[PDB]
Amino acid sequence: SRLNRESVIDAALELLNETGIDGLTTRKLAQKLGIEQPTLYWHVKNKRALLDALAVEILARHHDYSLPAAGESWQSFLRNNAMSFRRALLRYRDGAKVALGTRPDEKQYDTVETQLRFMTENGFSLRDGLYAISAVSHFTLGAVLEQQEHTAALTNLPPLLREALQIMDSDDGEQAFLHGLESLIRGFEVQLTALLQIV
């Protein structure tokens, strides 16, 4: 079938959904695409190239709150950005695993530069803004990965743990995520406010 970049990526996401990350392979991608393996190699050199591309494209397709609204607070932007990031990572099987350890792509440069500038224009040093952005990224990735890999795994408890497991089993993870997110955002705010005060 068609082997332009857009089409190869569509097929790879479809396969990622069916097989997960560890099961995703170029041989299986060639099969899905109805092509021989040397044909594929012309377009896709290895699994890493594919993974890097999929991490960019998953956000390009499903991460719709990458930029703050006009007049939006930094707190609100981090909240909205994190919810959007989480949704995007949850959309394909092992999506968060595909996103791990990637670095900004050239096609994302304008966008993440704006993100970083925004934090600095709200009083953060680049480092402190970066640390806030990174903590949000990390917390969100961890929460999605635990949620997803828990599912992968599924394929005389003491009382508080029993109840804790009931609590976790009662929700997809969004409740704990949204709660932890408010804690994180407010902690950043306390830090930012304090300036040189002992806090």
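A residue's number is simply how far along the shown sequence it sits, counting from 1.
The gap between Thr155 and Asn156 holds 4 to 9 unmodelled residues of the deposited sequence. Higher mean CA B-factor, judged across 13-21 and 186-194 from the recorded values: 13-21.
Comparing 129-137 with 166-174, the stretch with the higher mean C-alpha B-factor in the PDB entry is 166-174.
Based on the entry's C-alpha B-factors, the most elevated value among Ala69, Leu40, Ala55, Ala143 belongs to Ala69. If you compare the C-alpha temperature factors of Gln108, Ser73, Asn81, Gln115 in the entry, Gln108 comes out highest. For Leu160, the recorded CA B-factor ranks within the lowest third of the chain. Only modelled residues enter the ranking. Ranked by C-alpha B-factor against the other modelled residues of its chain, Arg91 falls in the highest third.
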